[PDB]
$ cat model_13.cif   # mmCIF, C-alpha atoms
data_my_file
#
loop_
_atom_site.label_atom_id
_atom_site.label_comp_id
_atom_site.auth_asym_id
_atom_site.auth_seq_id
_atom_site.Cartn_x
_atom_site.Cartn_y
_atom_site.Cartn_z
CA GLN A 1 0.00 0.00 0.00
CA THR A 2 0.86 3.52 -0.57
CA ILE A 3 2.41 4.84 2.65
CA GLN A 4 4.07 7.88 4.09
CA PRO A 5 7.61 7.65 5.47
CA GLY A 6 8.26 4.93 8.02
CA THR A 7 9.88 1.54 8.51
CA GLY A 8 8.48 -1.90 9.14
CA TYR A 9 7.99 -5.32 7.62
CA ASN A 10 5.88 -6.24 4.62
CA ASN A 11 5.39 -9.70 3.13
CA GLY A 12 8.59 -11.09 4.62
CA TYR A 13 10.83 -8.10 3.93
CA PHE A 14 11.98 -5.06 5.89
CA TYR A 15 11.21 -1.72 4.31
CA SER A 16 12.34 1.81 4.95
CA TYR A 17 10.92 4.89 3.31
CA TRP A 18 12.25 8.30 4.28
CA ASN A 19 12.00 11.77 2.82
CA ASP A 20 13.00 15.33 3.67
CA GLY A 21 9.46 16.60 4.06
CA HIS A 22 8.95 17.69 0.46
CA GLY A 23 5.97 16.26 -1.36
CA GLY A 24 5.76 14.65 -4.76
CA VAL A 25 6.70 11.11 -3.77
CA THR A 26 4.39 8.10 -3.95
CA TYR A 27 5.93 5.05 -2.30
CA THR A 28 3.97 1.81 -2.41
CA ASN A 29 4.75 -1.60 -0.93
CA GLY A 30 3.69 -4.57 -3.02
CA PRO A 31 3.67 -8.39 -2.76
CA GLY A 32 6.80 -10.19 -1.62
CA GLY A 33 9.89 -8.06 -2.03
CA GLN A 34 8.26 -5.59 -4.41
CA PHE A 35 7.91 -1.85 -4.02
CA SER A 36 7.31 1.02 -6.40
CA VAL A 37 8.16 4.69 -6.17
CA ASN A 38 6.77 7.30 -8.53
CA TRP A 39 7.88 10.85 -7.93
CA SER A 40 6.98 14.20 -9.41
CA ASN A 41 9.22 17.11 -8.39
CA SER A 42 10.27 15.57 -5.10
CA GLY A 43 12.81 16.69 -2.59
CA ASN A 44 15.28 14.13 -1.24
CA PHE A 45 13.84 10.64 -0.52
CA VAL A 46 15.09 7.08 -0.03
CA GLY A 47 12.84 4.02 -0.09
CA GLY A 48 13.06 0.28 -0.60
CA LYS A 49 12.92 -3.28 0.74
CA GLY A 50 15.31 -5.79 2.18
CA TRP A 51 16.41 -6.98 5.58
CA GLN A 52 16.81 -5.85 9.17
CA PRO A 53 19.56 -6.54 9.99
CA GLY A 54 21.63 -7.09 6.89
CA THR A 55 24.68 -9.35 6.75
CA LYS A 56 28.22 -9.02 5.45
CA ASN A 57 27.92 -11.81 2.89
CA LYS A 58 24.40 -11.47 1.51
CA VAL A 59 23.88 -12.01 -2.21
CA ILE A 60 21.09 -9.61 -3.12
CA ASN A 61 18.91 -9.96 -6.20
CA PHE A 62 16.93 -7.13 -7.73
CA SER A 63 14.95 -6.57 -10.88
CA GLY A 64 12.54 -4.08 -12.30
CA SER A 65 12.02 -0.86 -14.18
CA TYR A 66 14.02 2.24 -13.27
CA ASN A 67 13.08 5.48 -15.07
CA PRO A 68 14.77 8.46 -13.38
CA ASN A 69 14.23 11.98 -14.80
CA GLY A 70 17.10 13.76 -13.10
CA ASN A 71 19.06 13.09 -9.91
CA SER A 72 18.32 9.59 -8.60
CA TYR A 73 20.12 6.39 -7.58
CA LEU A 74 19.38 2.66 -7.49
CA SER A 75 21.56 1.04 -4.91
CA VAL A 76 22.03 -1.63 -2.45
CA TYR A 77 21.93 0.63 0.57
CA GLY A 78 22.30 0.26 4.30
CA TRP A 79 23.92 1.18 7.59
CA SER A 80 26.15 -0.13 10.34
CA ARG A 81 26.63 1.00 13.92
CA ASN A 82 29.92 1.33 15.84
CA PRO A 83 31.11 2.57 13.46
CA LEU A 84 28.12 4.49 12.13
CA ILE A 85 28.28 4.15 8.35
CA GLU A 86 25.79 4.76 5.54
CA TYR A 87 26.83 2.68 2.52
CA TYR A 88 25.91 2.37 -1.16
CA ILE A 89 26.55 -0.11 -3.92
CA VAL A 90 25.13 1.97 -6.73
CA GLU A 91 23.82 -0.12 -9.63
CA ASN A 92 22.27 2.70 -11.67
CA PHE A 93 21.77 6.45 -11.43
CA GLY A 94 20.30 9.33 -13.37
CA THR A 95 21.91 12.65 -14.25
CA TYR A 96 24.22 12.87 -11.22
CA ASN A 97 27.10 10.58 -10.25
CA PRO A 98 27.05 10.44 -6.42
CA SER A 99 30.86 10.30 -6.30
CA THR A 100 31.28 13.69 -7.96
CA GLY A 101 33.96 15.58 -6.06
CA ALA A 102 34.88 12.55 -3.95
CA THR A 103 38.39 11.12 -3.79
CA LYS A 104 38.62 7.78 -5.58
CA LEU A 105 40.26 5.05 -3.48
CA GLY A 106 40.23 2.05 -5.81
CA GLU A 107 38.39 -0.25 -8.21
CA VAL A 108 36.78 -3.64 -7.74
CA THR A 109 35.20 -5.96 -10.30
CA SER A 110 32.01 -7.69 -9.22
CA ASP A 111 28.91 -9.21 -10.84
CA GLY A 112 29.83 -8.25 -14.45
CA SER A 113 31.19 -4.69 -13.92
CA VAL A 114 34.00 -2.61 -12.54
CA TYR A 115 33.03 -0.39 -9.61
CA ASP A 116 34.87 2.70 -8.42
CA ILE A 117 35.28 3.08 -4.65
CA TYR A 118 34.98 6.28 -2.59
CA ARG A 119 34.52 7.54 0.95
CA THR A 120 32.69 10.77 1.82
CA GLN A 121 31.69 12.38 5.10
CA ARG A 122 28.34 13.71 6.28
CA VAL A 123 28.61 16.39 8.97
CA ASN A 124 25.82 17.02 11.49
CA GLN A 125 23.26 15.24 9.28
CA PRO A 126 20.19 13.04 9.87
CA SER A 127 20.95 9.35 10.47
CA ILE A 128 19.49 6.18 11.94
CA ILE A 129 20.58 7.48 15.37
CA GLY A 130 19.69 11.14 14.91
CA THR A 131 21.86 14.13 14.03
CA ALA A 132 25.38 12.85 13.55
CA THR A 133 28.64 13.06 11.68
CA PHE A 134 29.55 9.88 9.86
CA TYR A 135 31.27 8.44 6.83
CA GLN A 136 29.60 7.07 3.72
CA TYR A 137 31.12 4.28 1.64
CA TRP A 138 30.49 4.05 -2.12
CA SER A 139 30.89 1.47 -4.86
CA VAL A 140 29.68 2.96 -8.08
CA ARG A 141 28.93 0.54 -10.91
CA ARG A 142 30.30 1.59 -14.29
CA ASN A 143 27.88 -0.53 -16.32
CA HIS A 144 24.44 0.69 -15.22
CA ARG A 145 21.70 -1.90 -14.92
CA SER A 146 18.21 -2.35 -13.48
CA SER A 147 18.36 -6.06 -12.67
CA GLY A 148 20.98 -8.47 -11.41
CA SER A 149 22.70 -9.90 -8.36
CA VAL A 150 25.05 -8.13 -5.97
CA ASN A 151 27.56 -10.12 -3.94
CA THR A 152 27.89 -7.66 -1.07
CA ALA A 153 30.96 -9.45 0.29
CA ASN A 154 33.01 -8.40 -2.74
CA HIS A 155 32.31 -4.77 -1.95
CA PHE A 156 32.69 -4.99 1.82
CA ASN A 157 36.03 -6.78 1.33
CA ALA A 158 37.23 -4.22 -1.23
CA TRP A 159 36.27 -1.40 1.13
CA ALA A 160 38.05 -3.09 4.03
CA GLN A 161 41.26 -3.24 1.98
CA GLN A 162 41.11 0.55 1.71
CA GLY A 163 40.60 0.94 5.46
CA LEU A 164 36.81 1.34 5.18
CA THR A 165 35.46 -0.93 7.92
CA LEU A 166 31.86 -1.69 8.82
CA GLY A 167 30.37 -2.09 12.27
CA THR A 168 27.40 -4.16 13.39
CA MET A 169 24.92 -4.16 10.52
CA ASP A 170 21.63 -2.32 10.72
CA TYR A 171 19.21 -2.43 7.77
CA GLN A 172 20.19 -3.48 4.24
CA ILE A 173 17.85 -2.79 1.32
CA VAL A 174 17.64 -2.15 -2.37
CA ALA A 175 16.66 1.51 -2.43
CA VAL A 176 15.55 4.07 -4.95
CA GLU A 177 16.79 7.52 -3.95
CA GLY A 178 15.80 10.80 -5.55
CA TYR A 179 17.00 14.37 -5.13
CA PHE A 180 14.76 17.17 -6.40
CA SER A 181 13.79 15.36 -9.56
CA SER A 182 11.05 13.21 -11.07
CA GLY A 183 10.93 9.58 -12.09
CA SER A 184 9.29 6.20 -11.81
CA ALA A 185 10.53 2.86 -10.55
CA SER A 186 9.22 -0.58 -9.63
CA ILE A 187 11.63 -3.05 -8.05
CA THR A 188 11.48 -6.58 -6.68
CA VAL A 189 14.08 -7.63 -4.13
CA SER A 190 15.07 -11.15 -3.08
#
$ encode --input "model_13.cif" --output "structure tokens"
Amino acid sequence: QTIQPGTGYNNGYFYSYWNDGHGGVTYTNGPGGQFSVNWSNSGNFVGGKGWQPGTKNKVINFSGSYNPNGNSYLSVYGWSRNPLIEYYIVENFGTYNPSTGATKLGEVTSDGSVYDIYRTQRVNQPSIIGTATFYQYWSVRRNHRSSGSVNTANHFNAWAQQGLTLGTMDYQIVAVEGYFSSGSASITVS
């Protein structure tokens, strides 16, 4: 069902849907691991399905239609605690590469594509534990796709080799993120 921001469980999967207060986003949970997000002139939002908590060796499958009209990402996305980290394995994006301006740390090949690795820092920003400063880890896929499998271990191991360690996992989902844009997406996670 179409819902406002919140977290919970639906048909066997964790979901998290968050936004910055701006309207324009229609997030809907569907059967199994399916969710859809249609947005018209949104602000910033992040929504999708997966697991709570995630694991450091999960092989995540996703498939669907991803039609961004501007700034948007399609990522395996999640958090850890101690250390507090917000991480992304970006499988597809719209008009803006999330690593723009970030210092590249390395490359890793996984599931049919090379990925470029980066670390960024969020200062005094919202997080799963409230206002906080924390690092973000990024693997950005060079060959964009809207369906496939992601062996998270390949990315977590590659990050670890660059000194990017993860704490105790919190949630782990496939998320559609948007930033003051429009678009449509329907994704099934497993």
$ closest_residue --input "model_13.cif" --among "A:143, A:117, A:29, A:18" --to "residue 161 in chain A" --atoms "all atoms listed in the file"
A:117
$ residues_around --input "model_13.cif" --residues "residue 90 in chain A" --least-positions-apart "4" --cutoff "8 Å" --atoms "only C-alpha atoms" --output "list in words"
residues 73, 74, 75, 76, 138, 139, 140 and 141 of chain A
$ closest_residue --input "model_13.cif" --among "A:71, A:110, A:26, A:7" --to "residue 150 in chain A" --atoms "all atoms listed in the file"
A:110
$ residues_around --input "model_13.cif" --residues "residue 86 in chain A" --least-positions-apart "6" --cutoff "7 Å" --atoms "only C-alpha atoms" --output "PyMOL selection string"
chain A and resi 78-80+135-137
$ resolve_selection --input "model_13.cif" --expression "the PyMOL selection byres ((chain A and resi 112) around 12)" --output "count of residues only"
18
$ residues_around --input "model_13.cif" --residues "residue 186 in chain A" --least-positions-apart "4" --cutoff "7 Å" --atoms "all atoms listed in the file" --output "VMD selection string"
chain A and resid 35 to 37 64 to 66
$ closest_residue --input "model_13.cif" --among "A:87, A:171, A:118, A:134" --to "residue 16 in chain A" --atoms "only C-alpha atoms"
A:171
$ resolve_selection --input "model_13.cif" --expression "the PyMOL selection byres ((chain A and resi 188) around 6)" --output "PyMOL selection string"
chain A and resi 33-34+62-63+187+189
$ atom_distance --input "model_13.cif" --atom1 "CA of residue 67 in chain A" --atom2 "CA of residue 92 in chain A"
10.2 Å
$ closest_residue --input "model_13.cif" --among "A:130, A:69, A:42, A:10" --to "residue 25 in chain A" --atoms "only C-alpha atoms"
A:42
$ build_atoms --input "model_13.cif" --residues "range 16-37 of chain A" --atoms "N, CA, C and O atoms" --output "mmCIF file, in the coordinates of the input"
data_model
loop_
_atom_site.group_PDB
_atom_site.id
_atom_site.type_symbol
_atom_site.label_atom_id
_atom_site.label_comp_id
_atom_site.auth_asym_id
_atom_site.auth_seq_id
_atom_site.Cartn_x
_atom_site.Cartn_y
_atom_site.Cartn_z
ATOM 1 N N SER A 16 12.157 0.487 4.394
ATOM 2 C CA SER A 16 12.340 1.810 4.950
ATOM 3 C C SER A 16 12.057 2.824 3.877
ATOM 4 O O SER A 16 12.517 2.711 2.755
ATOM 5 N N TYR A 17 11.242 3.811 4.222
ATOM 6 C CA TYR A 17 10.920 4.890 3.310
ATOM 7 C C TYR A 17 11.089 6.169 4.115
ATOM 8 O O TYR A 17 10.480 6.340 5.175
ATOM 9 N N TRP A 18 11.948 7.047 3.617
ATOM 10 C CA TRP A 18 12.250 8.300 4.280
ATOM 11 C C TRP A 18 12.274 9.430 3.261
ATOM 12 O O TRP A 18 12.610 9.218 2.097
ATOM 13 N N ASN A 19 11.880 10.621 3.689
ATOM 14 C CA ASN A 19 12.000 11.770 2.820
ATOM 15 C C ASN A 19 12.256 13.011 3.663
ATOM 16 O O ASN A 19 12.132 12.977 4.893
ATOM 17 N N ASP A 20 12.656 14.087 2.999
ATOM 18 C CA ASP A 20 13.000 15.330 3.670
ATOM 19 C C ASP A 20 11.833 16.260 3.973
ATOM 20 O O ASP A 20 12.042 17.404 4.381
ATOM 21 N N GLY A 21 10.613 15.776 3.784
ATOM 22 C CA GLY A 21 9.460 16.600 4.060
ATOM 23 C C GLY A 21 8.797 17.161 2.817
ATOM 24 O O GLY A 21 7.640 17.571 2.862
ATOM 25 N N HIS A 22 9.524 17.195 1.705
ATOM 26 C CA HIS A 22 8.950 17.690 0.460
ATOM 27 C C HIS A 22 7.987 16.670 -0.108
ATOM 28 O O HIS A 22 8.176 15.461 0.052
ATOM 29 N N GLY A 23 6.948 17.159 -0.772
ATOM 30 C CA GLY A 23 5.970 16.260 -1.360
ATOM 31 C C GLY A 23 6.409 15.761 -2.716
ATOM 32 O O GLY A 23 7.571 15.903 -3.102
ATOM 33 N N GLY A 24 5.471 15.155 -3.435
ATOM 34 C CA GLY A 24 5.760 14.650 -4.760
ATOM 35 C C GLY A 24 6.114 13.180 -4.866
ATOM 36 O O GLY A 24 6.183 12.644 -5.970
ATOM 37 N N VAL A 25 6.329 12.514 -3.736
ATOM 38 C CA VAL A 25 6.700 11.110 -3.770
ATOM 39 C C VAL A 25 5.554 10.170 -3.413
ATOM 40 O O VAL A 25 4.817 10.410 -2.457
ATOM 41 N N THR A 26 5.405 9.111 -4.201
ATOM 42 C CA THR A 26 4.390 8.100 -3.950
ATOM 43 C C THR A 26 5.122 6.775 -3.819
ATOM 44 O O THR A 26 5.581 6.207 -4.812
ATOM 45 N N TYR A 27 5.260 6.307 -2.582
ATOM 46 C CA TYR A 27 5.930 5.050 -2.300
ATOM 47 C C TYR A 27 4.869 4.018 -1.956
ATOM 48 O O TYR A 27 4.006 4.262 -1.110
ATOM 49 N N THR A 28 4.942 2.865 -2.613
ATOM 50 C CA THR A 28 3.970 1.810 -2.410
ATOM 51 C C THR A 28 4.606 0.438 -2.230
ATOM 52 O O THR A 28 5.420 0.014 -3.049
ATOM 53 N N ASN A 29 4.244 -0.250 -1.153
ATOM 54 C CA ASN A 29 4.750 -1.600 -0.930
ATOM 55 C C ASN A 29 3.845 -2.564 -1.680
ATOM 56 O O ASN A 29 2.626 -2.385 -1.713
ATOM 57 N N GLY A 30 4.450 -3.582 -2.282
ATOM 58 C CA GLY A 30 3.690 -4.570 -3.020
ATOM 59 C C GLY A 30 3.937 -5.964 -2.476
ATOM 60 O O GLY A 30 4.534 -6.128 -1.409
ATOM 61 N N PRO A 31 3.484 -6.998 -3.196
ATOM 62 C CA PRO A 31 3.670 -8.390 -2.760
ATOM 63 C C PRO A 31 5.140 -8.760 -2.662
ATOM 64 O O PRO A 31 5.985 -8.193 -3.356
ATOM 65 N N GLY A 32 5.432 -9.725 -1.796
ATOM 66 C CA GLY A 32 6.800 -10.190 -1.620
ATOM 67 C C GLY A 32 7.795 -9.073 -1.404
ATOM 68 O O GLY A 32 7.600 -8.212 -0.549
ATOM 69 N N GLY A 33 8.875 -9.088 -2.176
ATOM 70 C CA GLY A 33 9.890 -8.060 -2.030
ATOM 71 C C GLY A 33 9.736 -6.896 -2.987
ATOM 72 O O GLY A 33 10.706 -6.200 -3.286
ATOM 73 N N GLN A 34 8.514 -6.662 -3.449
ATOM 74 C CA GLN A 34 8.260 -5.590 -4.410
ATOM 75 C C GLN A 34 7.843 -4.266 -3.791
ATOM 76 O O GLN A 34 7.150 -4.217 -2.770
ATOM 77 N N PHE A 35 8.299 -3.188 -4.414
ATOM 78 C CA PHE A 35 7.910 -1.850 -4.020
ATOM 79 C C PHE A 35 8.004 -0.997 -5.267
ATOM 80 O O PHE A 35 8.695 -1.349 -6.227
ATOM 81 N N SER A 36 7.259 0.097 -5.283
ATOM 82 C CA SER A 36 7.310 1.020 -6.400
ATOM 83 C C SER A 36 7.368 2.427 -5.854
ATOM 84 O O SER A 36 6.828 2.717 -4.786
ATOM 85 N N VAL A 37 8.061 3.299 -6.573
ATOM 86 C CA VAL A 37 8.160 4.690 -6.170
ATOM 87 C C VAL A 37 8.012 5.525 -7.424
ATOM 88 O O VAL A 37 8.759 5.358 -8.391
#
